[PDB]
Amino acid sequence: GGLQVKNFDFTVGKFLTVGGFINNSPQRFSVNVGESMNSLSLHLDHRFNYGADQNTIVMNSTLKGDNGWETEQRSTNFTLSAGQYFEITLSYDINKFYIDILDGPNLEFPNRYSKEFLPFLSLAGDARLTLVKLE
């Protein structure tokens, strides 16, 4: 399951853009990059309506999947809308990730595990991934 795109080496200095469509009536969706679904250097969750989190961005990482979520960083500079096309561009160096949301904020999150190569990408939740661009 998944597609291995040989040519795409998401190393320090590359810009990975993901694009797709948010569902109508979303709860939340995330962009996840790391080594596997269990070992994520960045989980970028846009929470539309998720209990106490209403239009909040939450960023975190985990080495133990769902049971290893660490210190959350949150932003209320929420610019995405239900049912719409989105694009988020990620890049990083050994110190940090730089998150450029199209027509929205620019955020930074620590590169907590000092990664210089990230082999895995997934979108989770109420959105559909349709494009991956690497430059």
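So that there is no doubt, residue numbering starts at 1 and follows the sequence shown.
Requested in this report: Please work out which of 94-102 and 80-88 has the higher mean CA B-factor as recorded in the PDB entry.
Outcome: Comparing averages over the C-alpha atoms only gives 94-102.
Query raised in the report: For the stretches 34-42 and 57-65, which has the higher mean C-alpha B-factor as given in the deposited record?
Result: 34-42 has the higher mean C-alpha B-factor.
**Report entry** Identity of residue with top Cα B-factor, from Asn24, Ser114, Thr17, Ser122
**Finding:** Result of the comparison over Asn24, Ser114, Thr17, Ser122: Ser114.
Query raised in the report: Lowest, middle or highest third of the chain for the C-alpha temperature factor of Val12?
Result: Answer is highest: the recorded C-alpha B-factor places it there.
**Report entry** Entry-reported Cα temperature factor of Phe29, expressed as the chain third it lands in
**Finding:** As the PDB entry reports it, the C-alpha B-factor of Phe29 lands in the lowest third of its chain.
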